[PDB]
Structure formats: C-alpha cells, structure tokens
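The chains referred to below are lettered A, B, ... by the order of the sequence lines, with proteins before strands, and numbering in each begins at 1.
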Protein chains: 10
Amino acid sequence: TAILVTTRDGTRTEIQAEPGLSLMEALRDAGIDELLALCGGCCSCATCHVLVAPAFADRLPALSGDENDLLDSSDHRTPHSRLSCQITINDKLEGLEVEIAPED
Amino acid sequence: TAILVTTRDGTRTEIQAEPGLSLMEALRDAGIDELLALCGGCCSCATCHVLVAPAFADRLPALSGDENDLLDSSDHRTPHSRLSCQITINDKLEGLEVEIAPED
Amino acid sequence: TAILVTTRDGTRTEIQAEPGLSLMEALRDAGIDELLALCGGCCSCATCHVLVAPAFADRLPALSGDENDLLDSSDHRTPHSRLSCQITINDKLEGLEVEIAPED
Amino acid sequence: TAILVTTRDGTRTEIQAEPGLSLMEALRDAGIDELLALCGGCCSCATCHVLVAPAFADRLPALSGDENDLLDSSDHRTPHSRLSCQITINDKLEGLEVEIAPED
Amino acid sequence: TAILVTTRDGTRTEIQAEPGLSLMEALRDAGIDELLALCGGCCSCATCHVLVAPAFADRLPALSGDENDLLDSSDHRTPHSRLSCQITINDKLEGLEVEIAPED
Amino acid sequence: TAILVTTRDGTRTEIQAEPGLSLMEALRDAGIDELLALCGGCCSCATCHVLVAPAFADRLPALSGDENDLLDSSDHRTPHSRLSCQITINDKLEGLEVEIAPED
Amino acid sequence: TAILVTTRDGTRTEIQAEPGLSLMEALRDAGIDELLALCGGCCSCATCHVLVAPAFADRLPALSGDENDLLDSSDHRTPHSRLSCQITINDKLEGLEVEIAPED
Amino acid sequence: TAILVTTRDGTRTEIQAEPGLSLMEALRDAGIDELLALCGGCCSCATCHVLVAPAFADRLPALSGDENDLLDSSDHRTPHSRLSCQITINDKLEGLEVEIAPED
Amino acid sequence: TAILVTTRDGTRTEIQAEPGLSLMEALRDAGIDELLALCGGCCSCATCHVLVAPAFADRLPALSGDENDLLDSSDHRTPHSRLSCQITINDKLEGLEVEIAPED
Amino acid sequence: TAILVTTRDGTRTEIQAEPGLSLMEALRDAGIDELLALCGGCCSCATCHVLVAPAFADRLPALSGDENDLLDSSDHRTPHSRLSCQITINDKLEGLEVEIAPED
Ligand code: FES
Ligand code: FES
Ligand code: FES
Ligand code: FES
Ligand code: FES
Ligand code: FES
Ligand code: FES
Ligand code: FES
Ligand code: FES
Ligand code: FES
C-alpha cells in the first residue's frame, strides 16, 4: 500500500509497498538506497531507523525491547522513532508518512 | 483476511482477521479463548504459541531471537512454532493455516 | 482483600490481604511460613511461586519477561504460575484462589 | 481511586482510577493522551515515564531492574521517576500525585 | 564453489555456491528446501544447523559465542555443528562437505 | 554497630546499626530519610549509593559485577562508591564512615 | 561466631567464624577443605554451594539473581541452597546450621 | 583478491587478500601494523575497526549484534563501520575500499 | 613447562610447554590433535575442555564466569574442568596433570 | 619477572613478580598501593586498570569480552589498557612496562 517517504535531504516520494514485506524491504525495493540495512533486517543495528508520523503511532504494532534498545543508541531517536525492518506492511498503514532518520 | 485455525481438540475453524492486528489478537477477537496470552502480547511468555503450516513459513516475518528463546521453553516447539503475538495480519497471510500449540 | 490460599499439604486458609502490598508479603504476613521469599521480593528467585486459579488470569497484570524466565526454572511451572511477589493486592483480586507451588 | 496528575504544561487535574489497572491505563482511560505508551505497557520503552511525588515513594512497589534501565535512557529521569505501566492502581495510592515526564 | 551436501535421508548431492553468499543461502538457492532459515540468517535460531566434516574445520572461521549458544539448544549438536548462515562461501571452501542436521 | 554518616549537606552523625541488616536498612532505620531505596535493596537501582571512606575498603566484601554496573550509571560514582544495600552490618564495620552520594 | 557445619560425610563440626569474612572463607580457615572455591569467591561458580537449615533462612541476606542462576546449574540445589562466598558472617548468624552440598 | 586500504595517515595501498581469511588477518599479513587486534579476532574488542566505502556495503555479510555493540563503543564509528576480523575474504570483495578507523 | 597430559584413550605423554602460551596452544603445539579449539581460543566454545588434577586447582588462576558458563554446557563437566585455552602457561604449573575431557 | 611499573605520579620502580600470580597481585605484593582492587580480582570492576607499553601487547594473551566491557567504562581507557588482575605473570613478560591508569 501507499507510503510517503521523506529522505534525509528533504525530498519526498510516494511508494507502493507490498503487504507482508517489512517497511525496510519496501523502502529498499523502491530504491531508497540511502537506508542501509546493515544487519539485514534482523533487529541488530540502528541503520533502518525512520521517524514515523505521530498520527500513525496507533496503527503500528508495539515496539519490542530489543528495537527500543537499538533505537536508544541513536542520537536522533525521538518518541516516534521506529526500526523500519520491524514494521510489517499491511492495509492499516495506507498513507503512512515516514522520514529516514539522520545518520547514526 | 481468512485464516484456518486448528484448536487443541483438533477441530478446524475459519476466522476473519483484520489486517494490522497480531494473529494472537485476531484469534481472541474471533472467540478462540484457548490461547492464553499471559504477557498480553509483549513477547515475554510462550502461551500464545502456534504451529504454522510449513507452506506458509516464508510468508511470515523472520522470527526474532527473543521469540526463539521463548519457544525453546516449550516441550511442544517444532521448527514451525511461532508466537502468534509476533505475527502481524496482512493479505499475504490470506489462507494461513495455524494450529494452537498444546499447553506448556 | 480476601484471598484463599492452599498450602503444599492441601490445607486451605482464608486471609485478609492489605491493598498495595504484594501477594508474597500478604501471604507471609498471614503466617504462610512455607513460602520462602529468598530474594526478598526482588524478582530474582522462584521461591514465591504460586499457582493462580484460571478464573483469575484476566484479573492479574501481565507477567514480565524476568518473572517468566524465573518461573521456567521450576519443574512445576504451569501456564497459571505466578511469582507472588510480582502481584500487587487490590480489590480486583477479591476472592483470589492460589496454591503455593510444590518445592523447586 | 483519586489521582492528581500534572500534565506537561504544568496544569493539574484529578482523575478516577480503577483498582487493578496500571497507572498508564488509568491515565489514558481518563483522557490524558499526552502519555504515549509505545510498547503498549510491556516494560520495553520509556514513554510512559512519570514523576511521582516523594511522599508516595514508599506506597509503590519496588522498581525493577528492567524498569530502572529503561528510565536511565531518559534525560529527565529523577530518583522519583517511574514507568506508569509498572504501577498497579490500589486504594493505598488514594490521593497519589504524579507528573507526566517531559518528552524523551 | 562446489559443496557436497548430505541431506537428512543420507543422500549426497553436489551443489554450486557463489562466493559471498552464506552457506545457508547457497544451500537454499540450490534447492535444498529441507533447510529452514526461520530467522532469515540473522543468527537467532538453530534451523540452519549443519554438520561440517571434521577435515574442513580448520578452513572455516571461528564460531562466535552467539552461534555456539544457539547450537547448544539443539539435541543433535556435535562439536562440528555450525549454523550455515554464519559461513561465508569462498574458494578455500572448495569441496566442503556438510550434512543437514536432524530436526529440533 | 557504630557508623558515622555524612549526609548530603555535609553534616556528620553517628548511628547504631544492628548486625545482619544491610547498611541501607540501618541508615534508613536510624532515620537518614535522604537515602532512597527505590528498588527495596534488591540491587536493581542506584539510589542507595554511598561513598565509603578509603580506609574501610579492605573491611568490606568485594563488590559484584551487578553492583559495579549500577554504580556506573551515576555521575558521582567514585572508585569508593558502594550500594549500601549490598553491605551487611558486622562488627568488623565498627566505626565505618560513609557519605551519602549526591543525587542521580 | 559459631557455625555448625555438616560435611559431605554426614558428620558435623562447630567452627568459629570471624565477623566480616564470608562463610566460604570462614569454612576454609576452619579447615573444611571439601569446599572448593574454584572462582575464589567472586560469584562465578557453584563450588562453594551450601544448604542452609530452614530455621535460618530469615537470618541471611536476600539471595541475588546471579547467585540464583549459578545455583540452578547444580543438580543438588534446593530452595535453601546458598553460595557460602555470598554470605557475610555476623552475630545474627550465631548458631547457623549449614551442610556442604554434594559435589556437582 | 584485491583490497584498497587507506591507512590512518590518509595514504592508500592495494593488497592481495587470500580467500577464506578475515579482513583483519589479510590486512596484518600485508603488513598493516597500524591495526591492532587486541582480542585476536574473536569479536570482543573494537581495535580491528575499519570504515567500509559506501559502494561496498551490499557486498559484505550482514552486521551481527555483537559486532554492532562493540562498534558503538568507538567515538569514530559511522554507519559504514565494520570490525575487519568479522569479514571473510572472498571474490565478491574484489576491489573493496576500506579505511582504518582512527584509534579509540 | 612439564605437563602430564592424559588423552581420551588413556595414553599419557609428558610435554614441554612454553610460558605465555595457553594450555590449549601448548597441547596443540605438542601435537595433541584430539583437542579441537573450535572457537580458536576466544572462550566461546567448550571444545578445549580439560580435567585438571585436584592437587593443582590452587595453582591455576580463578575461572571466569564466562568460562564457567561454557563448561556447564558439557555433559562431562566436573568441579575440576577448565577450558585449556584460558590457562596461561607458567612455571607454577610445572608438572601439571590434565586429562582431555570426553567429547560433548 | 622484571616489571617496569610507572605509578600515577610518574615514579618508575622496577619490580620482581612471581610466575602464576596476577599482575595486580604482583603490583600489590611489591607494595604499589595506588592500585585498588575493589572487586578482589574477579574481573568485575575497573580499578586494577593499567596501560601496557605497545611493544608488549603481542606478549600478553588476548583480552576477554568481559575485560573489554569493564575497561570501556573508564574515561582513561586506551587501546593498550588492560585489567592487571587478568594478566598471569610469566617469563614471556620479562621486562614488561606498565603505567597505572589515572583513577576513574
Ligand atoms: S536493518 Fe538492522 S535493525 Fe533493521
Ligand atoms: S502473549 Fe506472551 S509472548 Fe505472545
Ligand atoms: S521472592 Fe524471589 S522472586 Fe519473588
Ligand atoms: S508503556 Fe512502554 S514501558 Fe510503559
Ligand atoms: S537461519 Fe536462523 S540462525 Fe541461521
Ligand atoms: S536500594 Fe536499589 S540498589 Fe540498593
Ligand atoms: S566460590 Fe565461586 S561462587 Fe562462591
Ligand atoms: S580483533 Fe577484537 S573484535 Fe576484531
Ligand atoms: S577454544 Fe573455544 S573456549 Fe577454548
Ligand atoms: S580487580 Fe576488579 S577487575 Fe581487576
């Protein structure tokens, strides 16, 4: 379904995201090459970090402790930070707005 | 989204499951009360344990290390075991078959 | 409030339990001397283990991962096992039935 | 059960809180939306962070190590900080004063 | 690049394996579907477990502590067990012999 | 049994301390209310932090790794910092001098 | 101060233990050579394992999580098991009855 | 196979690296003595730290959690940081550009 | 430098061992090939497992928590088990008796 | 056996050190009292911190993950920092240069 992604430089792109892939996988499939996924989507790094629009907090599954810990390593973490590889694409995310987190 | 659950007594029932809920939530919502979810779906127990049909293995997100350790506590873990509170409902799961794992 | 406690030997006792203390503290205040609380109610042992009546599962707060891990060390753990030092007494526990878990 | 909450803007409002719910649940239920509870009350984030009036310190259960580590991630932790999803409402909390911690 | 795999039935088949892939990926690409990778090759499960012929032990990088702990959870671990997703394919692996570990 | 405590304001007071109690318990019983024990003396917080006069270091049991990690979370840790709840009162502690560590 | 120790042969000695030492150190200074302290009293093995007489449980400091974990590795652990290097000798232990745990 | 390594002085060498070795071992056999391997390549220090040229990120195996944790201890970590003892040399690394990370 | 090494089959070589090396390193250098060192002596496996003669325990340094943890995974662990890779060769070990632990 | 120890103030004793002892033990036995060994050499503090001369790194055994973790807590840690209690004295250390790390 449709996700609006803002990259680090401010440019915005609408992407069509397949249900059942992770947000990280959808972003990379759409050529958002800047989103390193160094651990390969196994929740062991912070490089798939995105900032989720506050309106959408309720539409995402709860974050885990491991995801929370990894997000804390980043100096750009906010209450709305998520690891994109932890978010499964589904219809309830239709219209999701995310920003790629600044580096580190 | 239609899901076929085998309950502990071996009987099979199809349920509807809203995209974006966890499988555990979809299960309880549809009146499958067998499944305790003692930790309330926060990946801290093994009481939402399901067995997933092999044909669906690759349609689900990778299991996490925390999910994997919780499942090892169960004498009924098989390699198709999942914690259903770790699975987000989405159309790629259309037709999923799960069995409620025996108790313990 | 009122808790019905069965000891290891099968004898049953009604106790009046003060709100805000833990179940372990209430049990010990009532002279259930057999319930060792070796760590002192700091969730680091399994010796305040009780079996909670299934009817009451919904009336207790969710168990944590640490409590869950410690309960797994016990060969007598069941899906309804709780560490009594993790349960805060309050009106919603009125009539709670618990059994002191067998030793280990 | 009557609880006096100071919201982020410094204003004070008394709420009713049902015994057996967590403080975080009592807060949201009474329309205090300020408090995100990203992890959904499973002790895996720091977004339900409250500051408890000192006079009430000893009326609450001991904080856990997992709660303590989560709170250290916040630049606003004080020694009276608690995760409100870790506090069970009960009559001993009658008259509790809490302040919603600033964001981060 | 050429690797001889002994499947669970005991039959032996030679496969080609691209350098830079993991052994797990290579086995899976060559259609050894037997071998589940529940965690997706992120070293958090034990389903990619293979048994490495003793004569190649020297040719493999040191196993890590994390890999070692996951292998101990299997009843079929031997001192030559490896997680195939931890092994990078390179020419020093020419002719490697591995057996698919039994399930669980 | 006699211990000289320097409170946060810098004043010194001698207290009596029963053997077998923890230092934290003794300080609290003698009314040094300054000293919070948020975790209840279960070595899971840093609020019972005291600074031990160098001349008594030898007379105290070795600090544990867990105690060491909790002390590092305080900005006022020194190499003579101890968690007072980890210290058992005994006659070898006669005349022990401790300062209440500053907050946080 | 006086400790009654039952050695592995079932025989028992009353020893004098100096306040401030650990039970492990007291035992060894009294010549109970049975008792290995492989890690040398830093809570990293289970070789200083003793069984505490039920009547004295109350008289010792709370069990730690690390001590609890180490003790679970022993086939001879009971709910009254303690690591003797974790117990500080003091007047409250006067007349303590302990038994050296069988080996393993 | 050919690796272009930039040393801490900013100068750069093309080395030959034998397939199957780690990058750390390759580097050292080529005489890049700058690079300490304090723990000797068992993933327990951060002294074999290198920065991988962005174009090659894809060409390495996934980052592990342990490698991720170690790297965060370094003030010079960037999202392209890798521990060179964790990288197995293979044809897919042909022309790899790496820079030895500053010390610390 | 003299070590009495008893192998799995029962043969008893005496060997010279160079100070500063690990016992595992010594056993391999003297060509005792039985002793796999799967993790390459970075204290992450149990394959360098030996049984030390009781007379010598006190002449080795204290085992670590990590070494103790690895050793407990072995079904042949005894209170005298050591990971040979963790023992630095020195003159105080003159004439040490070790047996190679059975595999697993 | 000869160690060139430089203290915090800059004075440079040379000392004899007995094989089999830890470097910390040696420094204390030669009466270098600066070096607190708060945890009694069980690798749980950072107070036995020394700085090894770069010429000697390769003559010491690999540091452990645990030692590395403790050392990172020190604001004076350098890539040459070692916990002196973790270094077994042996002839290969003949003429080792160490500086006592500044406190904290
Ligand atoms: S890609 Fe590494 S945590 Fe998401
Ligand atoms: S409900 Fe506890 S892990 Fe799913
Ligand atoms: S008393 Fe130890 S866990 Fe409850
Ligand atoms: S809501 Fe996440 S810890 Fe309370
Ligand atoms: S696929 Fe899970 S560990 Fe290899
Ligand atoms: S009171 Fe929490 S650690 Fe001492
Ligand atoms: S001596 Fe090792 S734990 Fe007591
Ligand atoms: S050498 Fe220590 S982590 Fe690479
Ligand atoms: S070689 Fe793996 S622990 Fe000794
Ligand atoms: S003395 Fe504490 S780690 Fe060396």
Review point. Is there a donor-acceptor contact under 3.5 Å linking the side chains of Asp66(H) and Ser64(H)?
Key: no
- Query: Just checking, any donor-acceptor pair under 3.5 angstrom between side chains of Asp9(I) and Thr11(I)?
  - Reply: yes
Do [X] and [Y] come within less than 4.5 Å of each other through their side chains, counting heavy atoms only?
X: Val98(G); Y: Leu51(G); value: no
X: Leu35(G); Y: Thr7(G); value: no
X: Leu23(J); Y: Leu96(J); value: yes
X: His49(I); Y: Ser84(I); value: no

Item checked: Any donor-acceptor N/O pair, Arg59(E) side chain to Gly20(H) backbone, under 3.5 Å -> no
### Message
Any side-chain to backbone donor/acceptor pair from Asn68(G) onto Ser44(C)? Under 3.5 Å, distance only.
### Response
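Indeed, once roles are kept as given, a pair shorter than 3.5 Å links the two residues.
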Has [X] got more than 12 heavy atoms of other residues, nucleotides or ligands less than 6.0 Å from its [atom1]?
X: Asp58(F); atom1: CG; value: yes
X: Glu14(J); atom1: CD; value: yes
X: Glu34(G); atom1: CD; value: yes

So the salt bridge (charged side-chain N to carboxylate O under 4.0 Å, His left out) pairs with at least one residue in residues 76-90 of chain I (sequence neighbours excluded) are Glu67(I)-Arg82(I), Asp72(I)-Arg77(I)
Is there a side-chain contact (heavy atoms from CB on, under 4.5 Å) between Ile89(G) and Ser22(G)? Walk through the geometry before answering. CA-CA 6 Å; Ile89(G) 298 282; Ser22(G) 77; over 6 Å; no
